Number of protein chains: 2
Amino acid sequence: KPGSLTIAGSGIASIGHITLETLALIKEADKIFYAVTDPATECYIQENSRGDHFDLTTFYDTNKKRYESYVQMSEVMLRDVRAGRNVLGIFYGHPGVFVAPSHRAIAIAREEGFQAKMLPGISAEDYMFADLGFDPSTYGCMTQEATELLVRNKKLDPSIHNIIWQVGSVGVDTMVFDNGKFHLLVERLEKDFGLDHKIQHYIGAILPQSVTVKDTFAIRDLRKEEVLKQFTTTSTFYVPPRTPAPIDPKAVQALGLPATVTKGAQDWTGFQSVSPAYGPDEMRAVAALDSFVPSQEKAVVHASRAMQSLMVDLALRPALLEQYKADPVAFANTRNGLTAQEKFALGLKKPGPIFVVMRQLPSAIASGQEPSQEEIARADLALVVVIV
Amino acid sequence: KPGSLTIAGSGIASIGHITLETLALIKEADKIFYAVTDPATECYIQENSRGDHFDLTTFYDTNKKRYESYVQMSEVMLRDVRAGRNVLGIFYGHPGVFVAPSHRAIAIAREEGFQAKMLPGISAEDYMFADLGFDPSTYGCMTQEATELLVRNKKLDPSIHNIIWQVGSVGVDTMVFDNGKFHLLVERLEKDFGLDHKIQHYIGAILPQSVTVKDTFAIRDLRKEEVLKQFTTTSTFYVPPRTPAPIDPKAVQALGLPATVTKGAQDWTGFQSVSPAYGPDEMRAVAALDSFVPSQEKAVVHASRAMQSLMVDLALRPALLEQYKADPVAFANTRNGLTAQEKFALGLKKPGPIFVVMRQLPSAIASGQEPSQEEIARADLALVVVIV
Ligand SMILES: Nc1ncnc2c1ncn2[C@@H]1O[C@H](CSCC[C@H](N)C(=O)O)[C@@H](O)[C@H]1O
Ligand SMILES: Nc1ncnc2c1ncn2[C@@H]1O[C@H](CSCC[C@H](N)C(=O)O)[C@@H](O)[C@H]1O
C-alpha cells in the first residue's frame with residue numbers, strides 16, 4: 001500500500017543534534033513537514049531536502065487553542081500519506097517527547113493501514129543531563145509538565161531528581177504567555193521543598209551565539225520580578241533532591257550485597273555531599289590499572305571492507321534495508337567482496353551471527369582460524385553504572 | 001591549558017543514531033576512548049577517526065567489581081587530558097545516562113582546570129518513546145534503576161508512566177548476570193500494581209538484523225522460568241499507569257483552563273481508555289484547516305548564503321566556533337558575502353539579533369526593507385503539547 005509516515009527529530013542545538021539516519025531521510029523524503037525553533041536549522045532542512053516542505057508552525061495563532069493547531073498539523077501530514085507520498089515529519093528535540101501531533105498522526109496512519117515509524121531525537125532532558133552534569137539513575141528522575149502536575153494536584157517527591165517542563169506556560173492553552181499562573185508552580189515548590197531549597201533554571205544553547213543558561217535560584221527568589229522575567233516558553237527547571245532516601249540495610253542484605261555498601265553512584269553537581277575523587281578504593285583501582293590482564297582473551301573487530309560497507313549501507317539507506325530484509329541471501333550474494341563466513345552470517349538475518357563474524361580473538365586471527373558454520377549459526381551488553 | 005575532554009554518545013541503533021556534531025568530533029579528535037555495543041558502530045568510529053583509539057570495555061572482568069572498571073575507564077581518559085591531548089570519549093546511548101565514568105572524568109578534568117564538555121546522545125528511553133509510542137508528558141514519567149529502587153526501598157507510583165532500567169542485573173556488582181535476584185523486583189511490582197497489571201519488556205533494535213522487542217506480560221507471568229530467562233542486561237521495562245489521577249476541576253479553575261474539560265493529553269498505546277481519533281473537536285479543527293488565515297503576518301526564513309554557510313560552519317566546526325567567540329566582530333568581517341545587517345548582528349555575539357536578521361516578514365522582503373541597527377541591537381518557541 002503506497003504512502004508512509006516517518007516522524008523524526010532535529011534535536012535542540014542548531015544542526016549539530018541531528019542524527020545521521022535523520023539527515024539521510026531529509027535528503028530522500030518526498031515531502032517534509034517541520035516544526036523547528038531556529039532559522040539555521042530550518043534552512044538546513046530545506047536546503048538538504050528535495051524541495052517539497054511545509055512549516056507546521058503556520059497553524060498557530062495568538063488566541064487560537066494550541067490543540068486545534070495540533071490536530072491540523074497531524075492532518076496535513078496524513079493527507080500526503082493518503083496521497084501515497086513518503087512523508088517525513090520533523091519536530092525539534094525528540095518528536096515524541098512533549099509532542100501531541102506526532103503520536104496522533106502515527107496512530108491514525110497505522111489504523112488506516114499505512115506503514116508509520118517514529119525515530120528518536122535529542123530531547124531537552126538529554127541536553128540537560130549533559131549541560132547540568134547529572135545522571136537520572138543516581139536518585140531516580142521524574143519528568144512532568146508544569147500544568148499537568150498542577151491540574152491533577154500531584155506532589156513533587158523531594159527525595160529524587162525532578163525535571164519540570166513548560167514552566168513558562170502554566171495554565172496557558174493558547175499562544176499568549178504572560179506568566180500569569182507561574183505563582184501556582186511556585187506555591188507547589190514551596191510546599192514540597194521549602195523556601196531555602198535551590199533549583200536550576202535551564203535553557204540549553206540553541207544557536208552558536210547562545211550561552212547555556214544554568215542559573216541557580218532559591219525557591220524564595222522565584223517571586224522576584226527580575227527573576228520571573230527570565231522564565232520563557234523555552235525554560236525547564238531542574239529540582240535536585242532535598243532529602244535523598246538512605247540505603248535500606250535490610251534491602252542491601254536481601255540483594256546479597258556487602259553491608260559495607262554505604263554509598264550509591266556518585267553525583268558530581270555539588271548539590272549533595274561531595275566525596276573526594278581519589279579515596280582509598282579509587283587509588284587502588286588506579287594503581288591496578290597498568291597491571292590488569294583479563295581472565296580470558298577478548299575479541300577485537302575483524303571485518304572485510306565489504307562487510308563494513310554493507311553494514312553502514314543498511315544503517316543509512318532504508319531502501320537497501322528493505323531489500324535485505326525481504327531476501328537476505330539474495331542480497332548478500334550482491335556483495336562478492338564478503339568472506340564466505342560473512343555471506344553465511346548475513347543470510348540468516350539474525351544479530352548473533354553478525355557478532356561472531358565481525359569480532360574475533362587475536363589468537364584466532366593470527367592462526368588464520370575462521371569461525372565454523374556451526375559457531376556462526378548458534379550464537380546468541382556492557383553495563384556502565386553500578387548503584388552500589 | 002593544553003588538553004581537553006569531550007564525552008559524547010553513539011546512541012543505541014548501530015551508526016544511525018550518531019549526531020552530526022559527534023561525527024565531526026570523531027573525525028578531528030586526537031584520541032578516542034569508546035565503549036560501544038556492536039562491531040559495525042565500533043568499526044565506523046575507527047574508520048572515521050585519525051586512527052588513535054582505545055576500547056574502554058577492556059577493563060571489565062567476570063568477577064571484577066564494575067566500579068573498579070569504571071574508575072579505570074575515567075583514569076585512562078584523564079591521563080591523556082593531563083598529557084595535553086584533545087580527548088574524545090564515546091559511550092553507547094547518551095554518555096551521561098546510567099554511566100558512571102563519564103560524569104566522573106568531566107568533574108575531575110574541570111576541577112584540575114581543563115576544559116571539559118558532555119554532548120547528549122540518543123538514550124534507551126529516547127528509543128523507547130519512539131518504539132512503544134508514548135509521551136512521558138501525558139501522565140508524568142519516572143526513570144529508575146532496578147537495584148537503586150530496591151536498595152532505597154522506594155515504592156512505584158501506579159498513577160504515572162514508569163521506566164525501570166537494568167532489570168537483568170538486580171543486585172549484581174560484578175559481571176555475572178544470573179537473574180538470581182530478579183524476584184525481588186517482581187515482589188515490588190506485585191505490591192505496587194497487583195498481579196494482573198501488564199508491563200512491556202523493551203529491547204530497542206541495535207543491528208539492522210535485530211528486531212524490536214516489545215512483549216507484554218502480566219506481573220503474574222514474570223515468575224515463569226521461560227519468561228524470566230528473556231530478561232538480559234539490555235532489557236528495560238515500561239510499566240504503564242494503572243490508575244491515572246483524575247483532572248481536578250478546582251485545579252482547572254485555578255489554572256484558567258476551560259471548565260469540565262475532562263480530557264488530558266491523549267496516550268495512543270492502548271493501555272489507557274479508547275478515545276476517538278476523530279471526535280467532534282478534531283473534526284471541527286480539520287474542517288477549519290483549509291480556510292485558516294493567521295491574524296497577523298508571520299515571518300519566514302531569509303538569510304544570505306554567507307549567513308547560512310557560517311551558521312552551519314559554527315555548528316559543525318569547534319575550531320571556527322572558538323575563533324568566532326574570541327573576536328566575533330573580526331570574524332564576521334572575514335565573511336564579506338554577509339549583508340551589512342548580518343555582519344552587525346553576528347558581531348554582537350547574541351542570539352536575539354540572529355533571529356531578527358534571519359527571519360523577516362514577506363511584506364518587508366518584497367520591499368527590500370531590512371531590520372535596522374536599532375531593531376537588531378535591542379533584540380531578545382513553538383509549544384507542541386497542551387495537557388488538556
Ligand atoms: N533549549 C531548551 N532548553 C531547555 N528546555 C527546553 C529547550 N527547548 C525546549 N525545552 C523544553 O521543552 C518544552 C517544549 S515541549 C517540546 C520538547 C521537545 N520535543 C524535546 O524533545 O525537548 C519547553 O517548555 C521546555 O521545558
Ligand atoms: N537496546 C536497548 N533496549 C532497551 N534498553 C536498553 C538498550 N540498551 C540499553 N538499555 C538500557 O540501558 C541499560 C544499560 S545503562 C547504559 C544506558 C545508555 N547510556 C543509554 O543512554 O541508554 C540497560 O540495562 C537497559 O535498561
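In listed order, ligands and their atoms are each counted from 1. Atom set for the values below is all heavy atoms of this structure, side chains included, hydrogens, waters and symmetry mates excluded. Protein chains get the first letters and strands the later ones, always in sequence-line order, with residue 1 at the start of each.
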Which residue and heavy atom of the protein sit nearest [atom], plus the separation:
atom: atom 5 (N) of ligand 2; result: B/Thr236 OG1, 2.8 Å
atom: atom 23 (C) of ligand 1; result: A/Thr233 O, 3.3 Å
atom: atom 9 (C) of ligand 1; result: B/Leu381 CD1, 3.8 Å
atom: atom 3 (N) of ligand 1; result: A/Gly204 N, 2.9 Å
atom: atom 6 (C) of ligand 2; result: B/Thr234 O, 3.0 Å
atom: atom 21 (O) of ligand 2; result: B/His94 N, 2.8 Å

Counting only heavy atoms not in A/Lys350, do more than 12 fall under 6.0 Å of its NZ?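 No.
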Is it true that A/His17 and A/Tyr127 have ring centroids separated by less than 6.0 Å?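 Yes, they do, as the ring centres are separated by less than 6.0 Å.
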Aromatic ring proximity A/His161/A/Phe134, centre distance under 6.0 Å: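 Aromatic pair counts; centres sit under 6.0 Å.
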4.0 Å heavy-atom contact, B/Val99 with ligand 2: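 It does, in that a heavy atom of B/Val99 comes within the 4.0 Å cut-off of ligand 2.
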Do any heavy atoms of B/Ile12 fall under 4.0 Å from ligand 2?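 Distance cut 4.0 Å: B/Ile12 passes for ligand 2.
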Look at the side chain of [X] and the backbone N and O of [Y], then say whether any donor-acceptor pair between them is shorter than 3.5 Å.
X: A/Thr234; Y: B/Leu381; answer: no
X: A/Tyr92; Y: B/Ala382; answer: yes
X: A/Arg104; Y: A/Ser74; answer: no

Between A/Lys154 and A/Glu148, does at least one N-O distance fall below 4.0 Å, as a salt bridge requires?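 No, A/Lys154 and A/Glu148 are not salt-bridged.
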Return a yes/no value for [X]: is any of its N or O atoms, backbone included, closer than 3.5 angstrom to an N or O of ligand 1?
X: A/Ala124; value: yes
X: A/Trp165; value: no
X: A/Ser123; value: no
X: A/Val97; value: yes

Can you list the steps and then say if A/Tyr202 with A/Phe237 is a ring-ring contact (aromatic ring centres under 6.0 Å, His included)? CA-CA 6 Å; A/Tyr202 174 60; A/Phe237 283 171; over 10 Å; no
Check B/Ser235 against ligand 2 and report side chain, backbone, both or neither, counting heavy atoms closer than 4.0 Å.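 The answer is the backbone.
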So if I count the atoms of ligand 1 from 1 in the order they appear, which ones are less than 4.0 Å from some heavy atom of A/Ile203?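 Going through ligand 1 atom by atom, the ones under 4.0 Å from A/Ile203 are 3 (N), 4 (C).
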Geometry only, no angles: is B/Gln166 polar-contacting ligand 2 at N/O separations under 3.5 Å?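 Looking only at distances, the answer is yes, because the N/O contact criterion of under 3.5 Å is met.
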Find all atoms of ligand 2 within a distance of less than 4.0 Å from any non-hydrogen atom belonging to B/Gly93, and give their numbers and elements.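 Atoms satisfying the 4.0 Å criterion: 20 (C), 21 (O).
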Among B/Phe129, A/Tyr92, A/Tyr202, which residue places a heavy atom closest to atom 16 (C) of ligand 1?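 Result: the heavy atom closest to atom 16 (C) of ligand 1 is in A/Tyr92.
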Pair B/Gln200, B/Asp215: side-chain N/O donor-acceptor within cut-off below 3.5 Å: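 Their side chains do not contain a donor-acceptor pair, so the 3.5 Å distance test is not met.
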Check the pair B/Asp38, B/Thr41 against side chain to side chain donor-acceptor pair (under 3.5 Å), reporting the backbone distance first and the verdict last. CA-CA 6 Å; B/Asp38 81 271; B/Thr41 298; 2.6 Å; yes
Structural part of A/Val167 in contact with ligand 1, heavy atom criterion under 4.0 angstrom: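 Looking at A/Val167 and ligand 1, no heavy atom falls under 4.0 Å.
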For the residue pair A/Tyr70 and A/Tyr60, does the interplanar ring angle fall in the parallel (under 30°), tilted (30 to 60°) or perpendicular (over 60°) class?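 If you compare the ring of A/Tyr70 with that of A/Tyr60, the planes turn out perpendicular.
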